[PDB]
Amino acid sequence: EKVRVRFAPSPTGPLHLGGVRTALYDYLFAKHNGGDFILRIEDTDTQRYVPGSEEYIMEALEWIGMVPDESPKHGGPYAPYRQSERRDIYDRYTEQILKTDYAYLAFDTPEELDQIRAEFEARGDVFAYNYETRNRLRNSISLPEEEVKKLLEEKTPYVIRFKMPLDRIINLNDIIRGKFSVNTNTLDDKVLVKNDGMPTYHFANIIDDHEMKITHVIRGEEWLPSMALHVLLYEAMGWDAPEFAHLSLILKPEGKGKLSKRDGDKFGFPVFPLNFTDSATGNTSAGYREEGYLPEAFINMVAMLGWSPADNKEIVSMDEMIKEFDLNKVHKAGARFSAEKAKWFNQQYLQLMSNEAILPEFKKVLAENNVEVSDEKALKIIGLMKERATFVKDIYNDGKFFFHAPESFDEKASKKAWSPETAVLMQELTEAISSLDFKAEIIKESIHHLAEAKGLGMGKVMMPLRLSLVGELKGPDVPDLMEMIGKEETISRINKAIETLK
């Protein structure tokens, strides 16, 4: 039995982190076992359809590097991979289940069901269509066969419901959650086929998991209360159920409850892998991608929300995750999201990149800001800035003094770094460096020689010099800054500082 898993999102909007993590654990489990990773688009509910969802899903999976072996876009041996295109399949299996005792016809109109729901509510009760109520309602169990024929002949709309067994203990086994039991008298007669012949999610999914030879169903815990019904649908069809693994919801950074988009808005962190623009507002929610997260760092971060790399390394690549991943070690306890941790991962991955690997994106940033520098200087600037960077764009945004002279000087910094003797000192410094081979270490030695001839610590020259070149006391070491911007730009900035601050 070749392992086969499917990511089965409905097209109802952008992928949340929980959905990315489910797709990832699908992919890892499949690849770890030499099996197949299927994408099935679960679009049976036409009214909940969100335009652009399916494109977003393909694009996010491609960005992260987990392309489905089978999908609507790519094809595969169980095409069509959109459920809206599988109606003939569901039609034939509907006929099959109606030959059993597990399904029946229900003619109740939505107004009739609204009425009985309101009667229960008024009493403090919740109406369920189940073993206790089905005999007072309008269906093929409660109505004589000749009346059912009459209704059918008149084209009376109906749904198909599952007939829950009476008082039956269903013993279930989940890879994550372990063993537990459900009595069917807690469950209702769920709708399996809507009144247009389209299956509901529950029926379409056991039909398609059976037809697509799925061996392991990995999904979120919101589906756990449905597992008993799904096992009983396999039983009704004469089929063996796959194995199940239910993932606990990602928790808020702080306080009780699940992570939501409202948290990311409220605290300033992205919630979707890629940009997405809401139709109903025109608003665009920026993705991790567009904010500068590397996909390798993003997916490493998502992987850790419930899985501990068996080798104890925090930093792990896609291919090492494939080799290491054990679905049996995925934790049942919920994992808290951490925006700081996501930034930490990006910073860690950025340090592991060579200056050359950063250089293409750095040049794109430089171009967007209308600046140019030689490849050789850009690589040195990347080297000098990358340790303190989280995103490639930080190398420019926090390093603007490499490309732009200061137009003013921070008042606090000026009081600290610039004294009534500083002007004369900086002009002497200009005279010293004007004849140098303008290399960092040579510059540093020349500054040291001026300091010791004047009886000063290094800081007495370096601090006003940094202020002169940067406009505040930020940046990397002054001699390397000077080498990058060059002799002419260095002197020109010392001159402007003298003219401004003496």
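When you see a residue number, it is the position in the sequence shown, counting from 1.
Once the C-alpha B-factors are averaged per stretch, 157-165 and 139-147 rank with 139-147 first. As the entry records it, the average C-alpha temperature factor is higher for 412-420, out of 412-420 and 269-277. Out of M385, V371, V217, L172, the entry records its largest CA B-factor for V371. Highest C-alpha temperature factor among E111, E296, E95, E243, as the PDB entry reports it: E111.
Among all modelled residues in this chain, the alpha-carbon of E85 has a temperature factor (C-alpha) in the lowest third. The entry lists a Cα temperature factor for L467 that places it in the middle third of the chain's modelled residues. Looking at the C-alpha B-factors along this chain, the one for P225 belongs to the lowest third.
Annotation for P9: C-alpha temperature factor in the lowest third relative to the rest of the modelled chain, per the entry. Annotation for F438: C-alpha temperature factor in the highest third relative to the rest of the modelled chain, per the entry.
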